[PDB]
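No Cβ is skipped: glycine too gets one built from the backbone with ideal geometry, and neighbour counts run over all protein chains shown. What follows is calculated from the coordinates using simple rules that are stated; it is not laboratory data.
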Amino acid sequence: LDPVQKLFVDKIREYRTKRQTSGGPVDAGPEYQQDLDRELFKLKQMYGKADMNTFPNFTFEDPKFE
Amino acid sequence: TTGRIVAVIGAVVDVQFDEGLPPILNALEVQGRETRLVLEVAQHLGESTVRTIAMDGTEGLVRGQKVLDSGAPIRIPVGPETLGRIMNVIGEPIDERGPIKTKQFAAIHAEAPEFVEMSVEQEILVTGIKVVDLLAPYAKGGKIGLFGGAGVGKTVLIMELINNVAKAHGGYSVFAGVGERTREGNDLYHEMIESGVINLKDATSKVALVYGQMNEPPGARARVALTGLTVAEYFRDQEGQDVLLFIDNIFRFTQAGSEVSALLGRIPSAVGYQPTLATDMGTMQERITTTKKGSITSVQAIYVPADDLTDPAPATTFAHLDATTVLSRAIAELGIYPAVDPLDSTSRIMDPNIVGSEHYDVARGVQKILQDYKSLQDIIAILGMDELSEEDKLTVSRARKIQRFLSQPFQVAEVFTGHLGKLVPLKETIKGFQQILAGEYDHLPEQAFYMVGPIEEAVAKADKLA
Amino acid sequence: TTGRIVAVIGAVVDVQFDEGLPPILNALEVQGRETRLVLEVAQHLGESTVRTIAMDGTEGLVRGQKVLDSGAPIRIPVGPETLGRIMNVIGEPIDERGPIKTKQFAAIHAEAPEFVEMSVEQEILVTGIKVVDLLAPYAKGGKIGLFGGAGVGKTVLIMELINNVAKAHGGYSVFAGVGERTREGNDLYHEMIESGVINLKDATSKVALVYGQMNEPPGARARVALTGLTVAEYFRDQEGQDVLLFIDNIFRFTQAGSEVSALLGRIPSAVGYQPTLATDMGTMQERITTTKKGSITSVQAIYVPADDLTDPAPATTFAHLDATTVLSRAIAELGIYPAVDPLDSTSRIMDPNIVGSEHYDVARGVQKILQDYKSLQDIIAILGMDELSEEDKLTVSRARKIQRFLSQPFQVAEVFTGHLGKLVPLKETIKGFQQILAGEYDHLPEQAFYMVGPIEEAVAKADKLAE
Amino acid sequence: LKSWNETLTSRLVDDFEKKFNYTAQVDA
Amino acid sequence: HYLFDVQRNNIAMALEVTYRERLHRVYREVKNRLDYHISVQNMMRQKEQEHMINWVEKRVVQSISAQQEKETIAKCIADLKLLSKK
Amino acid sequence: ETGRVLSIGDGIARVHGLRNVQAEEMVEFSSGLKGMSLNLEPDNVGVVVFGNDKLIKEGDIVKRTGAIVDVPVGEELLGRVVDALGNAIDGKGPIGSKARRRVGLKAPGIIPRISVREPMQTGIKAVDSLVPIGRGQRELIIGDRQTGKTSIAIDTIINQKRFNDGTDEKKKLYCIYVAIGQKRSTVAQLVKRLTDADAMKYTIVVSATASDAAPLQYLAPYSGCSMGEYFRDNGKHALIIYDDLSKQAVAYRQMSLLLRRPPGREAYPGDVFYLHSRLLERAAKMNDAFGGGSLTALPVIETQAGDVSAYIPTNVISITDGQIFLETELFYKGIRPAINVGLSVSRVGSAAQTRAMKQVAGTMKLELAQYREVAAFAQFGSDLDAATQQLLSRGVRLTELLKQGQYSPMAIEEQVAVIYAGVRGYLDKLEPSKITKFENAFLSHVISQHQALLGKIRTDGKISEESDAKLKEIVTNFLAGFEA
Ligand SMILES: Nc1ncnc2c1ncn2[C@@H]1O[C@H](COP(=O)(O)OP(=O)(O)NP(=O)(O)O)[C@@H](O)[C@H]1O
Ligand SMILES: Nc1ncnc2c1ncn2[C@@H]1O[C@H](COP(=O)(O)OP(=O)(O)NP(=O)(O)O)[C@@H](O)[C@H]1O
Ligand SMILES: Nc1ncnc2c1ncn2[C@@H]1O[C@H](COP(=O)(O)OP(=O)(O)O)[C@@H](O)[C@H]1O
Ligand SMILES: [Mg+2]
Ligand SMILES: [Mg+2]
Ligand SMILES: [Mg+2]
């Protein structure tokens, strides 16, 4: 309990050189981008395919009958 | 690394690794045959030996013979470069059309959709099959089960559904043939090329085919159910798409299990089945599902051994469905096709709040007169029709019409029925029965309602006789 | 000596002994428990090891844990200071009233009353329950059995039995609930304190309670009945007394035996009972008996697994009885409680030279007519009633009356029935039926016999239903 | 006809907040 | 006109149900066109913070494997085990 | 601290070491996986893995926990949805689990208890009149699949709104709902059903399903019990529903067979009775000296083709304090909820109703087991005396009464209302084909008019000649106003 409270510090001498290193998600390589597009399709699914930045116009429909 | 076959029996083989040892589930690779012989670890026996289930014939193997770990599960092609291609249980292609060049891969095993991912979206899926629609409707993105004994018409019914459904359907469909007839595959293939759901010319194909039929080893039948599983899985998730999964026959999966459980060394359970019939199933089964992301409407044909609806296999499977259609030899033998038991097929959406209490009312009204007829069934058999009270003489006649008007000549067996293939829309389904029930037709002969479309073809028929 | 646990599965613990290998049956002691754990020895696997059943759950034990050879078989608080007290499997009291205080103790594994000690005297114990007394009377100091499938009124019967028979009795009673419902023990304690066969104050308690319910292990249940009878075996042999021993449910004894049998090394036998279902029962029923020295009226209740009276458990139980009341689901289902099958129930003393020609001749006459009615039963209900003889619509009429007059509002069943309890003296039962049989009430309608006491109380309902 | 009578009785964020704000039976 | 009024309280009720539907349309569209970004930022703060906390791994496997002076801080903290326990 | 793995397969890990491990003590695995000791043998501990045993490999490391298995407890669980070990799975971040009870608790012996007197209402006419449950009772729901076995247990929790959204601290009933063996697609669709009707708030929902490991279904209904044991042992009222024990048993069988424990009937293991016995005893009605608190338990069993001889269904019936049978036959016949009166029993009888129900239906359970048999005897069109002409002339109407909608309980007061209508003979002259449009009116007519009478009977739970008198006209004031 006295030789362990500072080994939990090897974890923000890096957490540091990361949440400050701007210039893009660090060292990514190709992988980083592709996947951030697949989950950009399916997350663009449950909702629709129209413009998400604009206010949707409105087509309306009459009441059916059984 | 490397290890050796030390025991072989049937599809169960025992490999010894001195260095290292493959996780349970690692596809191994036999080194020494002209044929990719994947093993699949399923047990660590200790003494640095593992026990594996083959994925093909094991004639030839020898005590000795080397095996290489693949470091992974059995992994197969997934993605859109599968549509139109027939692939086997390990991903290898078998339509003799080269390889399946594809970006990514998936493993056949995989944990199942967590509780948060479930979706309670219940919307009706009309089939244009009178019994199914009127009494136990299928649900979009639901699990569907077709129960039948040998020859009652599961395969025909799955086909009719594939036709009345996956022909005019913007979205991907996967068909897994698990341990059934190889000639049924050849048949599907051609039938879907002509109709053009598969296209050899393009990548306009809308269907993927996974096949491991009743000629392949237990292991293969054991697993292939999952290969085709994995495929559908992708189209749901990495595409948030509308997937149609057809399997025929999901039973052969549990059966094949049984064949191997013996030599894997488990102790036999009820009726000889594998100890692990409920979970072996349930893992596999619960992957077939509609999640928040994508959406799978599943239709599984389920064989019933010796017509025993209590046999663990069919028996357990019921738990897993949202709509069930049960086929009885009894009915089929009276030429009532499709052979649907009206009092044994059910859907978890026959509910007025979901189908509108005109539907729910004509349904349970048919379902009632039928089950009233069924009670008289005994006295009519011993004493005869005459001893039937007057009220009851009717309950029969009406019921018997309903019985007959649930028959519907499918657009497939245009060959056995000879008759022209009808497809009846929910409206005229619900209508026609309502009328029959309110006895507008007590003046028409029975036959008049046997094998027709809407209630017109009924009243219409009745004339051509007269 | 001292021994060390070698292995543990479910309810079966093997133990190893440096020196003192305990004889089979010898109760062993588990050192180190927050509550006492005994291990009845069961076999010598050899190499100084013994397999054993636990008289409680083995949650916690550990390979090597300390076990001590208690030197002799489980021993219990046999003696007079057990009355009003709820004992258990191993003696320990559990009504919370601190040690049972006696200096006489007996092993629960006895031998059995030899041939020469057998008493041949049998005399009719009237119960006031019409059906039993008319058709299959119990006998003072004899083995009685209550057969029943689940829910047919087995347990309720035995209550209305302990209410009637065991109240107007000035001897000692020992009720032992083997393997059934804990709810139902608590339930009886308090009824038996309201009536005060158990009195918490004085020492006028006439009822020893031993208990081991469906919540305890197989070890417990397998032996709870061995205990409760050791308890009633004392009150017999000593006093020369009239001990009433009730069990509920002697079935749970063989079932309990079943559960461990597997883990004990037994190829299973038919229906999958122990290969020993037979003798296990024998060297244990053969103790619940009546010697010259004393008498024990015994009233067991037997579960019939799935109602199959041929299931090797209830089946083997029949040999060990002198009078058997068998309960019918089909009767109960018709509302005729107590659902006694007047044609599957039997007494040894249904002999005209024991109950008299009036009694006998009258029972058998009822038995007959009910049987005859059973015979017309699938003519009529499928081929027109009035197509019957004159003789037959008559033997139907009377039969259905007889059949209903056989029901009784039980005093412990008012909660269900809705009518105040009842109880008919033997001779008013004989008379009642003799009459109905004789054609004296062919005018009163059916329901008038349904659930009344003495025959007249039907002539009562005969007008009450009229105007 | 009456069953159709018993079902019915039961029933950049500032560019969205500023833009947010049958009788032929009196015959037949 | 009884058979003629179930239909006059059907139309006065078959429009009560369509005019309520169009009032929850805009909700199911509007609150959606932005509850979208409630997610296009959700997968973003997590995924990044995956590669972010994971990036930790490979820079610490580089810290011990390299730095021969991170083999001294080995025998260190570890000999402080035997002790305490006893 | 613990040792090796000898061999692994099928969720069964043999372990060479752990020499001081408690039997039934949970170990932990190399990969961070919680297991469990069950076979303490000479040279190894067979351990039932509580999850995917792919991660395990020969040689891995197994470490003791010291603890017998336990789970989260207390109000910090209500409204949630936890797996069989207590972990939350509805994605709402951990529960406030200060309270941590053991699963392996034995049940209350004889003294800690008292006769079941406390009415546990289901709001189902059928049940609350002819087979009434009471707090502390075990009443089994048994039946073929798709008969309505669940829409019983659901309709009952959904009934407990009324009491849990009020003042009276005795009438309150917190609900646990184990879900063993089912498919997530359903567990969910079901929570959604609870939520909608707004009942989810007072309701734990432990869920171990199809895909969950074997020992996890074994354990689930126990866990869900401990959670309900707290509510009773601390002076409150719990209703746990195991759905279903059939699937659980199957699971226990798997473990047992894989553990190489020689198989018995239908392959199950010997103690397959003990399993349901012990679990089901743990529901009790604690006596005042212990809290007054209760645990009513509705176990659920599923039969094949009706076969109640099946090993299991016969066991569980021998255990519970009675049961409701279901029967597809009645179902389609129109008798929804399909019950089979004559074959359903409540071993606590009226001792668990209000004296309001009791007065309208206390000898009508032995009447619809004789009007039954006395319409099956004179089925055919002939003649029968002055006594048995009426019993039929009644019953047909009476049954049209227990015919009940779904997801629409009733408060005991209203139940007494309609039951009164017939039982006292204020319907004895009406065509059955109407006895529903009738009730659906005469009960919204005497809620809009006399919240009066309901007030009394609801509260004192009885019908004094007072209350009765008012009725005696409110009724009459209706038959003559329709037909006559
Ligand atoms: N829906 C149908 N309409 C008319 N005739 C049918 C129908 N279905 C089956 N038949 C007839 O009965 C046979 C069985 O069809 P099939 O769908 O193959 O049964 P099955 O469920 O597949 N049993 P099996 O394929 O052997 O495991 C046909 O080949 C027909 O001659
Ligand atoms: N009182 C009722 N009136 C009309 N329909 C009902 C009623 N109760 C239940 N149902 C319907 O009958 C079906 C079966 O109900 P359910 O509770 O799932 O029985 P079950 O035997 O538990 N089904 P399962 O879990 O597959 O065994 C449902 O989908 C309901 O909508
Ligand atoms: N004497 C009786 N009179 C009326 N009904 C009875 C009577 N005895 C039993 N019953 C009915 O049978 C049910 C079960 O009784 P029980 O004796 O506990 O069955 P078991 O035989 O398994 O112990 C009761 O709860 C009750 O409704
Ligand atoms: Mg087929
Ligand atoms: Mg009992
Ligand atoms: Mg259910």
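If you take every DSSP beta bridge whose two residues both sit in the protein assembly as shown, what share of them, in percent to the nearest 5, is antiparallel?
55 percent
Could you give P(r) for chain B, binned at 10 Å from zero, as whole percent values over all Cα-Cα pairs?
4, 19, 27, 23, 14, 8, 4, 1, 0
Evaluate peptide B:270-277: per residue, the Cβ atoms of other protein chains within 10 Å of its Cβ; return the mean as an integer.
Partner-chain Cβ atoms within 10 Å, mean over residues of B:270-277: 4.
Just checking the output field for A:38-46: average partner chain Cβ neighbours within 10 Å of each residue's Cβ?
6
Kindly write out, for segment B:77-85 in residue order, the coupling ³J(HN,Hα) from the Karplus curve 6.51 cos²θ - 1.76 cosθ + 1.60 (θ = phi - 60°), rounded to whole Hz, with x marking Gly and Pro.
With the stated coefficients, segment B:77-85 comes to x, 9, x, x, 6, 9, 3, x, 9 Hz.
What does the charge dipole of the protein assembly as shown about its Cα centre add up to, to the nearest 20 debye, if the Cβ of each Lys and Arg holds +1 and the Cβ of each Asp and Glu holds -1?
4220 debye
Run through the DSSP bridge list for chain B and note the antiparallel percent, rounded to the nearest 5.
If we restrict to bridges inside chain B, about 55 percent are antiparallel.
List every residue whose amide H lies under 5 Å from the amide H of B:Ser345, counting only residues 5 or more places away in sequence or on a different chain, with H placed 1.01 Å from N in the peptide plane.
Here B:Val326 satisfy the definition.
Could you sort the peptides B:118-124, B:386-392, B:295-301 by per-residue average Cβ neighbour count (10 Å cutoff), highest mean leading?
On the way: B:118-124: 16.4, B:386-392: 11.6, B:295-301: 24.7.
Result, highest mean first: B:295-301, B:118-124, B:386-392.
Taking chain E as a Gaussian network, where each spring joins two C-alpha atoms under 10 Å apart, which residue of E:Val17, E:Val61, E:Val26 fluctuates the most?
Of E:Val17, E:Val61, E:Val26, the Gaussian network model singles out E:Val17 as fluctuating most.
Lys/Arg Cβ at +1, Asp/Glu Cβ at -1, dipole of chain F taken about the Cα centre: which of F:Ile89, F:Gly3, F:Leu443 is farthest positive-ward?
Projecting each Cα onto the dipole axis, the largest value belongs to F:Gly3.
Whole-Hz ³J(HN,Hα) for each residue in segment F:119-133, computed from phi via Karplus 6.51 cos²θ - 1.76 cosθ + 1.60 with θ = phi - 60°, x for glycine and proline: what do you get?
Couplings: x, 9, 7, 9, x, 10, 2, 2, 6, 6, 9, 9, 9, x, 8 Hz.
Placing unit charges on C-beta atoms (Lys and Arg positive, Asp and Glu negative, everything else neutral), compute the dipole magnitude of segment C:13-141 about its Cα centre in debye, rounded to 20.
In debye, rounded to 20, segment C:13-141 gives about 380.
With a ≥ b ≥ c taken as the square roots of the eigenvalues of the C-alpha gyration tensor of segment F:68-353, please select rounded if a/c is under 1.5 and otherwise prolate if a/b is larger than b/c or oblate if it is not? Don't skip to the end; give the middle numbers.
Details: a/c = 1.26, a/b = 1.03, b/c = 1.22.
Cα axes put segment F:68-353 in the rounded bin.
Going by C-beta contacts inside 10 Å, put C:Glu59, C:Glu467 in order with the fewest on the left.
C:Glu467, C:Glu59
Go ahead and estimate [θ] at 222 nm for the protein assembly as shown from helices alone: -39,500 (n - 2.57) per DSSP H run with n ≥ 4, summed, over the residue count, rounded to 500.
On the way: 49 runs with 513 residues, N = 1597.
Roughly -9500 deg cm²/dmol at 222 nm, from the helical runs in the protein assembly as shown.
Report the one residue of B:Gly151, B:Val13, B:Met281 whose Cα lies farthest in the direction of the positive end of the charge dipole of chain B (charges on C-beta: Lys and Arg +1, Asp and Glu -1; origin at the Cα centre).
My answer, from the dipole projection, is B:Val13.
Would you work out the relative contact order for chain B, in percent, from Cα pairs under 8 angstrom that are 6 or more residues apart?
Normalised by residue count, the contact order of chain B is 16 percent.
Compute the angle between helix C:251-261 and the longest alpha-carbon principal axis of chain C, please, reported from 0 to 90 degrees and rounded to the nearest 10.
Taking Cα atoms only, the helix is inclined about 40 degrees.
Sort out for me the Cα centre separation of segment F:111-163 from segment B:173-227, rounded to whole Å.
So the two Cα centres are separated by 50 Å.
Considering only C-alpha atoms, what is the centroid distance from segment B:416-462 to segment F:254-315, in Å?
After rounding, the separation between the Cα centres reads 50 Å.
Beyond 22 Å between alpha-carbons counts as too far, so tell me which of F:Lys171/F:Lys456; F:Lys201/F:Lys403; F:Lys171/F:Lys192 fall in that bin. List each step's numbers first, then the result.
Numbers: F:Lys171/F:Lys456 16 Å; F:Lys201/F:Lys403 29 Å; F:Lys171/F:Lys192 25 Å.
Violating the 22 Å limit, Cα to Cα: F:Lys201/F:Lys403; F:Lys171/F:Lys192.
Just tell me which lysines come within less than 18 Å, Cα to Cα, of C:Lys464; anything on the same chain fewer than 8 places away is out.
Filter leaves C:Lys401.
Averaging over all projection directions, find the projected area of the Cα convex hull of segment B:350-466 and quote it in nm² with one decimal place. All intermediate terms of the calculation are to be shown ahead of the outcome.
On the way: hull surface 34.4 nm².
Its average projected convex-hull area is 8.6 nm².
Specify which residue in the list A:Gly24, A:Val9, A:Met46 is farthest towards the positive end of the charge dipole of segment A:1-48, using unit charges on the beta carbon of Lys, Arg (+1) and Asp, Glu (-1), about the Cα centre.
Checking the options against the dipole of segment A:1-48, the answer is A:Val9.
On a straight-distance basis, which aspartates and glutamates could pair with C:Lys103 in a cross-link, Cα separation under 20 angstrom, same-chain partners fewer than 8 positions away excluded?
C:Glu81, C:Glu92, C:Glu233, C:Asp237, C:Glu239
With charges set only on the Cβ (+1 for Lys and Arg, -1 for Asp and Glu), what does the dipole of segment F:1-67 come to about its Cα centre, in debye to the nearest 20?
160 debye
Show me the ranking of peptides C:208-214, A:43-49 by mean Cβ neighbours inside 10 Å, starting with the highest.
Top of the packing list down: C:208-214, A:43-49.
Report, for chain F, the % of DSSP beta bridges that are antiparallel, rounded to 5.
Approximately 50 percent, going by the DSSP bridge assignments.
What is the packing order of peptides F:5-11, C:270-276, A:12-18, C:413-419, taking the mean over residues of other C-beta atoms within 10 Å and listing the highest first? Write out the running numbers ahead of the final one.
On the way: F:5-11: 23.6, C:270-276: 16.3, A:12-18: 14.0, C:413-419: 18.6.
Ranking the peptides F:5-11, C:270-276, A:12-18, C:413-419 by packing returns F:5-11, C:413-419, C:270-276, A:12-18.
What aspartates and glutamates could a cross-link reach from F:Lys434, if we take a straight Cα to Cα line under 13 Å and drop same-chain neighbours fewer than 8 places away?
Straight-distance partners of F:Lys434: F:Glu400, F:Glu483.
Specify whether the C-alpha gyration tensor of segment C:228-347 places it in the rounded, prolate or oblate class, a ≥ b ≥ c being the square roots of the eigenvalues: rounded for a/c under 1.5, otherwise prolate if a/b is larger than b/c and oblate if not. Could you put the intermediate results ahead of the total?
Numbers: a/c = 2.30, a/b = 1.08, b/c = 2.14.
Oblate.
At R0 = 35 Å, how high is the FRET efficiency between F:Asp198 and A:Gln45 if r is their beta carbon distance? Nearest 0.05 is fine.
Here the calculated transfer efficiency is 0.65.
Counting partner chain Cβ atoms within 10 Å of every residue's Cβ in F:102-110, what's the average?
Average per residue, whole number: 6.
Pop out the ³J(HN,Hα) list for segment E:51-66 in order, Karplus 6.51 cos²θ - 1.76 cosθ + 1.60 with θ = phi - 60°, rounded to Hz; leave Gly and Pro as x.
Ordered by residue, 3J(HN,Hα) equals 3, 6, 7, 6, 3, 4, 3, 5, 8, 9, 6, 8, 7, 8, 4, 6 Hz.
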